[PDB]
Amino acid sequence: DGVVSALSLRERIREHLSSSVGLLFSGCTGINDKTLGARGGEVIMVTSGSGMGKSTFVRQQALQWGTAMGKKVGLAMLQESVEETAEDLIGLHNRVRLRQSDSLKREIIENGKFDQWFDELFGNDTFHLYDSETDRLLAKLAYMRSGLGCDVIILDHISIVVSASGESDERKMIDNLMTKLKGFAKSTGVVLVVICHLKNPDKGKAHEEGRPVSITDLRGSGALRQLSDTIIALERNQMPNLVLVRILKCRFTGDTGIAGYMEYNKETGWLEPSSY
Amino acid sequence: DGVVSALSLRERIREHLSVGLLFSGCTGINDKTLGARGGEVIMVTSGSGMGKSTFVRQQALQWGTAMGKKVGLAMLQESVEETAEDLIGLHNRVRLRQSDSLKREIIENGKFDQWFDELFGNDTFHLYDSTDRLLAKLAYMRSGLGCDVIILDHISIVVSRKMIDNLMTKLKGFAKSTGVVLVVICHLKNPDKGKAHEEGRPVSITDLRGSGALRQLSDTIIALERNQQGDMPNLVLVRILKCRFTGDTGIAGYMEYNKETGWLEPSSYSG
Amino acid sequence: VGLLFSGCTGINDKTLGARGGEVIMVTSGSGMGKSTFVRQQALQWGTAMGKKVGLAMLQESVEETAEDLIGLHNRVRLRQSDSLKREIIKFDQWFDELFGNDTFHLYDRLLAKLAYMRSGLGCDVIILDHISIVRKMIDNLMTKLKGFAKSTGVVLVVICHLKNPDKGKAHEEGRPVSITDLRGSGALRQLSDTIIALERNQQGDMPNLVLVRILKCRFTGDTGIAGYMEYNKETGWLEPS
Amino acid sequence: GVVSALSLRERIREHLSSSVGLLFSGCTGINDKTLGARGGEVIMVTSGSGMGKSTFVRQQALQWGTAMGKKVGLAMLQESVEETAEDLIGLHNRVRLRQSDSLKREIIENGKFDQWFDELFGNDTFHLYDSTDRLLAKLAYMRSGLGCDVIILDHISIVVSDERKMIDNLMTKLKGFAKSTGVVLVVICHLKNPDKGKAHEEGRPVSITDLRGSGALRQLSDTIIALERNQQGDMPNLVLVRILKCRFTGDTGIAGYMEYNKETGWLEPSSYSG
Amino acid sequence: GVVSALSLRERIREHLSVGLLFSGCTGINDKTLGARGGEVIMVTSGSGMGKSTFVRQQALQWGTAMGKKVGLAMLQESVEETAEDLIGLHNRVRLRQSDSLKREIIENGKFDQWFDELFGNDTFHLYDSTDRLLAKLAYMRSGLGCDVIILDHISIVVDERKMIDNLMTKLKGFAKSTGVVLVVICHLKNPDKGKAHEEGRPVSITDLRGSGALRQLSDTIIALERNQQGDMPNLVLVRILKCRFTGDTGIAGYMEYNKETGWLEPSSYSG
Amino acid sequence: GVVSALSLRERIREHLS
DNA sequence: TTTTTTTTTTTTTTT
Ligand SMILES: Cc1cn([C@H]2C[C@H](O)[C@@H](COP(=O)(O)OP(=O)(O)OP(=O)(O)O)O2)c(=O)[nH]c1=O
Ligand SMILES: Cc1cn([C@H]2C[C@H](O)[C@@H](COP(=O)(O)OP(=O)(O)OP(=O)(O)O)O2)c(=O)[nH]c1=O
Ligand SMILES: Cc1cn([C@H]2C[C@H](O)[C@@H](COP(=O)(O)OP(=O)(O)OP(=O)(O)O)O2)c(=O)[nH]c1=O
Ligand SMILES: Cc1cn([C@H]2C[C@H](O)[C@@H](COP(=O)(O)OP(=O)(O)OP(=O)(O)O)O2)c(=O)[nH]c1=O
Ligand SMILES: [Mg+2]
Ligand SMILES: [Mg+2]
Ligand SMILES: [Mg+2]
Ligand SMILES: [Mg+2]
């Protein structure tokens, strides 16, 4: 059976409300003030327009979670290969932009600074990446959780697993993927960040031109906002660097709305907090 | 044969007619739909994060304590420990899960076991720890527990149009046969023009996902609307969309939320 | 002419009432008052007419559909007034006045029961409220019901639902019903003889004023808006206005 | 297959010493905020109907073929093979070949046609295509067996002729073909009709959500370049380059101005100041 | 069909060793250079502004005066009426406006004097009234050996966007790599505000109704404009809207319409 | 489906009759 | 080895 009575459940509740909770974000204060960080067993969705910074933010959140907090991070980065996304974290830690400079790459090859920068970051087994059917992908994510023991797992660009699969109705495939991913995150008890896109508006401005994004702008289905626990949206106007955060849904607490403001650093690559 | 003449039916009508379970908050509901009744299916509709589960958890708490009836929760969306902590926090007027300074306070003060048997001391609240399996488990509740109210949290994840028609016919047959008060939460569809349901747009009876049997096989539909990114996200509007057993529908009342306590309590608002 | 309709007297002025061998469709949205209309039609064709009427309410039980008839004849809303359900228990005086004959024959495979209601019970009107649990499996059912009504020659009323509209308002907010708006298949309008629709703004300014629409009529031909009925929430009788 | 990022120490090194962008031609404001064209890079090019997509991309192909030594593979689907080959021969020699019968009759008699053919096609850097699943196979054979460094597609709307899932799957397959191969992939697309106001051919500025067919054209593209000129205005030969999206650097906006030469067919870097 | 650049040593040589000239207005040929092998020309105007009269004049001047095989596919009228239109236009009269002029040509035997001068050299071919038409145009081009194929009134032929897009794609793919001048007559959408198309509104390139793929696959676009309610109802204007070969768009010239012979003549109107 | 110009020698007179 | 109904989501146009 599975009909658990609420009287014979005292020890489970006692060991549940004693243990987890925490794991704050980075770059803005209002996100941690509203959502109270990221918890095990949740789903955090992060959205933006096209080229608006929905991956720089997430890698900047993964660097601090894998370095300043010691959590094992598993990055299923499907946009770029593992030769670029593991090298973009080197300069992000060392406060430069290594891929966007042919001079600095030759400099760190010559003098031997590349070994120091590789050992200062990857001195511990904390980053376990992935390079590239939705059946083997969840198998590799379950191997990252069970075998490798990753505490935070990031699924970037979910649009190329619902469009790279041969399915007649795309909506039901997105629905099945979302409920199976939520079941994985709830069963294994892992923080799971999901990155997706937005749809075209019918009339008016575009999301890359300062349009405030609503909750119904999520592209593909309606299970994206109905089976997620926290929805975070990033909106700027290409002041093309002032980006604002908008908590569209918080399930744990109730407070939603504009969290704050962040400013991008073109020289180092960090998302600093703003004042406005 | 299964035909019954209307003359030879005096005894069965005599023993049949020889209000029901009231609602908590927005007292224009039980003035309008006359409360829940045995052998009915109730639908709770809103957008994402608008407070459907919170609108039904108060109902389970007030029907398991002040009424004494056996209540069976089926949270398919979450775990049993989270909804149990939610119930213990909601009865004790202190928001439990969303405060970490008190989750460790009551475990060392010793009053956690005081709060436990004060509301879970009887055999009232029965939980479900996660198609035919769910129906068999609810029938096992009804049979071996005598549950008066059965609450179901998510109808959409049962689906892995006809599979929802068959499911709703089977749940309506279960509720009509066993006479249990069945409450089902469902979601809304994506509107194609105008505002969204999360920004204060009123809910129609068409705007329901899955199929059209959600509105054709249930006895009442209650919608809750609130403007999430608005001037205040606390004032909710409660709308009766259908009622077989009375007939009158429309806007019933208004409630606030009271973020410190978490009780949907009715407030005065003319318009 | 045939049997006359009670309420919205522009029906039998337009389609001249019901006739033998027909299949009458009563189609509306949820809560528009389909069962409330056909219950009045069943009451007025077994008391003032005297013909045997066979009810088949697969949607509810055999006790509530008789309590509503006893309350409807006695001008008192019985199932909603909790005090008068125990005040009258003169229950037998209300019971034997309207069920004293052998008129009505309720119902707790289906076509054999309808044939037993026609032959073995002598029913002149046969009412079916729920067909959705009863394309090709709907086409075969509708051909079998049309052959039953053709061979036996009985007045037949069948109730089904409407389709979910993809653009615009809902039928519950007063959207007029077209003949295409029918679930299941297309045989609901090809093998019947008349279709009656009720349209009322349920979440509106007044929800007690229905609009009656004729959608098909092989004999008289005239379709369109028939009339308006008020509901009279005190009594529950659909009366024209 | 999962990897641990400490085993990558020998491959992160190798990719550190490999990657170099290919410089554009005709405008120097494009190369300042794109830094070229790298391996595994889908570059979308768009404008209005008749504003200069094919001329720009053909000039880019010519300058990447005859000036930088890179082997180039074309897949022009609007015109045949001989039309675009004559376009390349007439454009390299700074004349207008097909739009003049007198020059075509002149160069076939005095024997200078072979002098114009050899100086282009001696080193065999150009490879052409003769006209959705066999197209990717032919492009894979063009990349692997032949060895071209840049692959150009043209007029993607023939390939998709529900179109939305078709163009999404096509864009997904082209982005997956560009990645993990090391090829620059130029893709040319069109624009939808505007709702109200004026037309794209009348000088209206193009937004990023005007790419017709889906929204997946801008969600899988690294760099998106748009061209805009007014054919009915005072100067109908001054095109404006607008970088709509750049994933590598992130600098978008007006790149620069180019002036079209009606006599030599060269869109050249202009000096117009708005 | 992966072809290297060394394989085109002799194909380019053969391809190097001609624009078919538009009659009635010399302003078109100065900014278009005629029409080549694989040339899609689109002709449009308002409702009743004279598309088919101009295209009929073009077909008559290319058929019997320049020696090119012209294949008509007029879908407005049948074969008999468009043959009557060609014979009446070639013999400088107005045929179908008077019964006496139609009757007089047979009472003296000069009706056989008009068929032999037109349809004796077999330069014309007709069609009698979507994927079945292209297989007929392929036999008209490859089998009969024609050069200019004309199609009329696309509105009966063609969600009316995917069908017209696939039709335009198939016609462009048929025109490519075959060597035929394909002329297509289309219409314009209804104007929203301002003056109508029957009063002389300047047409834009995005007025081609049905889709936006009618200007993305055409090689040349020609529009006609006439103010039949103004002071001069017998004066038309020709506007090049798109030219892929040269790139010169705008007003080509002016032509005077006549109500006596049916011809429309080159004029010298000034603005 | 395609009618040549030789087939209308007397059909045009048939249409004018 | 094939024709009809139901329903949620992304685009391009129409009086
Ligand atoms: C966050 C941010 C990034 N940038 C720059 C830095 C990045 O290299 C570039 C965007 O890189 P990405 O953040 O990777 O772009 P994206 O993930 O939002 O879009 P998509 O995956 O759909 O292609 O823009 C800004 O200019 N301003 C900003 O605020
Ligand atoms: C009703 C209501 C809820 N809330 C907050 C408090 C709850 O902790 C939080 C959770 O809302 P839920 O009750 O969980 O909302 P939902 O079940 O309808 O949405 P879904 O299941 O699809 O995610 O909502 C308010 O802040 N104000 C309100 O008026
Ligand atoms: C006709 C009508 C009904 N009603 C109310 C009173 C009745 O108690 C209530 C029940 O109507 P029903 O007859 O039960 O409606 P229905 O059978 O068409 O819907 P479904 O079978 O899908 O559930 O309708 C009005 O309020 N005003 C009216 O005009
Ligand atoms: C760039 C440019 C070209 N032209 C001329 C030269 C070209 O041969 C002609 C257009 O030819 P293309 O450049 O090939 O036209 P297109 O690709 O933009 O449009 P489409 O393929 O959809 O038809 O216009 C100008 O007049 N002004 C200009 O600025
Ligand atoms: Mg990204
Ligand atoms: Mg919920
Ligand atoms: Mg009913
Ligand atoms: Mg082109």
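The first residue you see is number 1, and the count goes up from there.
Backbone N, Cα and C atoms are what each Cβ position is placed from, and that goes for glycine too.
So that you can see what the record holds, here are the features copied from Swiss-Prot:
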| type | residues | note |
| --- | --- | --- |
| BINDING | B:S46, B:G47, B:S48, B:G49, B:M50, B:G51, B:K52, B:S53 | ATP binding site |
| SITE | B:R95 | site 'dTTP/dATP binding' |
| SITE | B:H187 | site 'dTTP/dATP binding' |
| SITE | B:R226 | site 'dTTP/dATP binding' |
| SITE | B:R244 | site 'dTTP/dATP binding' |
| SITE | B:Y257 | site 'dTTP/dATP binding' |
Sorted by sequence, non-B:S46, B:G47, B:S48, B:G49, B:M50, B:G51, B:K52, B:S53 residues with Cβ within 8 Å of centre, ATP: B:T54, B:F55, B:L224
B:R95, B:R226, B:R244 screened against B:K52 (ATP binding site), Cα within 10 Å - retained recorded sites: none
Three-state secondary structure, which DSSP defines for B:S53 (ATP binding site): helix
Spatial separation of B:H187 (site 'dTTP/dATP binding') from B:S46 (ATP binding site) - C-alpha basis, Å: 6
Recorded sites listed as B:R95, B:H187, least Cβ neighbours within 10 Å: B:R95
Direct Cα-Cα distance, rounded to whole Å, spanning the 5 residues left out between B:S130 and B:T131: 13
Among B:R95, B:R226, B:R244, which are recorded as recorded sites, the nearest neighbour of B:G49 (ATP binding site) by Cα: B:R226
Cα-nearest neighbour of B:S48 (ATP binding site) within the listed recorded sites, B:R95, B:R226, B:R244, B:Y257: B:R226
Cα proximity to B:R244 (site 'dTTP/dATP binding'), best match among recorded positions B:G47, B:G51, B:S53, B:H187, B:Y257: B:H187
C-alpha separation across unresolved stretch of 7 residues from B:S160 through B:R161, Å: 12
Cβ contacts of B:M50 (ATP binding site) (under 8 Å, same chain, 6 or more positions away): B:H197, B:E198, B:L224, B:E225, B:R226, B:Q228, B:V236
Entries of B:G47, B:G49, B:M50 (binding-site residues) sitting next to ligand 2, with Cβ under 6 Å as the cut-off: B:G49, B:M50
Between B:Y257 (site 'dTTP/dATP binding') and B:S53 (ATP binding site): CA-CA distance (Å): 14
Whole-number Å value for how far B:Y257 (site 'dTTP/dATP binding') lies from B:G51 (ATP binding site) (Cα to Cα): 10
Recorded positions (B:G47, B:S48, B:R244) in Cβ proximity to chain C, threshold under 8 Å: B:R244
Among B:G51, B:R95, B:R226, B:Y257, the recorded positions whose C-beta sits under 6 Å from ligand 3: none
Neighbouring C-beta atoms (10 Å sphere around the C-beta of B:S53 (ATP binding site)): 20
Top Cα neighbour of B:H187 (site 'dTTP/dATP binding') in the set of recorded positions B:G47, B:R95, B:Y257: B:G47
